Amino acid sequence: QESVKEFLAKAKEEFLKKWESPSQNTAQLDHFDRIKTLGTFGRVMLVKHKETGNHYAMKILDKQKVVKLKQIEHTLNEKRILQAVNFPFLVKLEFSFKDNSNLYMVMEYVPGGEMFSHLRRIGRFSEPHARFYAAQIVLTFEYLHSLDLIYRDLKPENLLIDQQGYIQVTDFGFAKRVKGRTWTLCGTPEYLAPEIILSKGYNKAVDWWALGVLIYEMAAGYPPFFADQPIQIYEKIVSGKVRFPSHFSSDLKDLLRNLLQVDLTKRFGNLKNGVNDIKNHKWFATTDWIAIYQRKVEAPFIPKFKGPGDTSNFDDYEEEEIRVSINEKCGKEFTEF
Ligand SMILES: c1ccc2[nH]c([C@H]3CCNC3)nc2c1
Ligand SMILES: c1ccc2[nH]c([C@H]3CCNC3)nc2c1
Ligand SMILES: c1ccc2[nH]c([C@H]3CCNC3)nc2c1
Ligand SMILES: c1ccc2[nH]c([C@H]3CCNC3)nc2c1
């Protein structure tokens, strides 16, 4: 429909304007009080802005560890993409800056915690609930792929639950703008498509594979391919073999056989009809795509928390000091940050 085509055209216009002239140096560390570590070359911390009282989540990266871990390009991708995107299900970057030792990305604080903890607490999500979360990922990937972006890190730990029970996707450390194919070995083993494992050039089809893994994990309670050694996981991934729990609906099994298709040229999301083969699949027949986008659907649950600074839905980590040098490190490498 022209309304969808027009929405995506305007989304690409606005993304490219920020992509081509990125914001830089929009706050400083002294503006924020440190509250707590929320997750941990990098860590995410709850902070409070000292003039407004607003809470934020601040991702901190040690430049010397980024260089040593060969993540320079990836770190630059992450910040340049995050400052340029805008979508209801993506965590919003509010500020960014750097100092002699570190890089800082200050994002909205999403207080309901990671999907992963709620999934492991309940055990599994029933199909209607898994479908609600999957619909948000389908819309988010339609948006990102239309901007020539590949996300490359879908998993429950990267999906935060907001105050209305909707998903906010976080962690763009492997996201990349790609016009044709890309080649980097990256991602999380359980979620990798066969073409990444086999060292091929690959494209946005890897995100649709990962959506297949995520839907399976939400509805079963565990991912389809697992083992103690990564090489064993990879052997299962490339084999073409998946076993489904008997409680899966027939429609769910059908969708997952088409997402978990080892031949990328046959995989749903990567065919002539693109995302519409997924949106029109029978498993999504009850989904009101516009109502989801507009946040008009009652969520599966609302996270329990006491206020905008409550951290109860996140776990406890050792509170470590940040590194502080009197000399600038890696200045040339991070000039554009
Ligand atoms: C998160 C982590 C570390 C932080 N240190 C600070 C201030 C303290 C004095 N100058 C910077 N805000 C932080 C927020
Ligand atoms: C419409 C368009 C873009 C939007 N960005 C957001 C923020 C709030 C939750 N995370 C991103 N809401 C939007 C609504
Ligand atoms: C905002 C609030 C909390 C957040 N936790 C994270 C990462 C940590 C690893 N998986 C999610 N990003 C956040 C953004
Ligand atoms: C807190 C205390 C001691 C610290 N030393 C350092 C850097 C300086 C040279 N290499 C270590 N950051 C610190 C933060």
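So for chain A, numbering is Swiss-Prot's, and the shown residues are 13-52, 55-351, in order.
Using N, Cα and C of the backbone, Cβ positions are placed for all residues, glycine too.
Record features (Swiss-Prot):
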type     : residues : note
MOD_RES  : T49      : phosphothreonine
MOD_RES  : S140     : phosphoserine
ACT_SITE : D167     : active site, proton acceptor
MOD_RES  : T196     : phosphothreonine
MOD_RES  : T198     : phosphothreonine
DOMAIN   : 299-351  : domain 'AGC-kinase C-terminal'
MOD_RES  : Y331     : phosphotyrosine
MOD_RES  : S339     : phosphoserine
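Between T52 and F55, the deposited model skips 2 residues, and the Cα atoms of these two flanking residues are 9 Å apart. Ranked by CA distance from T196 (phosphothreonine), the recorded positions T49, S140, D167 have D167 at the top as the closest. Neighbour counts of Cβ atoms within 10 Å were compared for the modified residues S140, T196, and the top value is held by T196.
Counting other CB atoms no more than 10 Å from each candidate's CB, the modified residues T49, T198, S339 peak at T49.
Here is what falls inside 10 Å of the CA of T49 (phosphothreonine) among the recorded positions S140, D167, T198, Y331, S339: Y331. There are 20 other Cβ atoms within 10 Å of the Cβ belonging to the residue listed as 'active site, proton acceptor'.
Applying an 8 A CB threshold to same-chain residues 6+ apart, the list for the residue listed as 'phosphotyrosine' reads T49, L50, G51, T52, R57. The closest partner of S140 (phosphoserine) among the recorded positions, by CA position, is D167; the full candidate set was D167, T198, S339. In this structure the C-alpha atoms belonging to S339 (phosphoserine) and the residue listed as 'active site, proton acceptor' are separated by 32 Å. Here the domain 'AGC-kinase C-terminal' (299-351) is broken down by DSSP into helix, strand and coil counts: 5 helix, 0 strand, 48 coil. Note: the Cα of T198 (phosphothreonine) and the Cα of the residue listed as 'active site, proton acceptor' are spaced 13 Å from each other.
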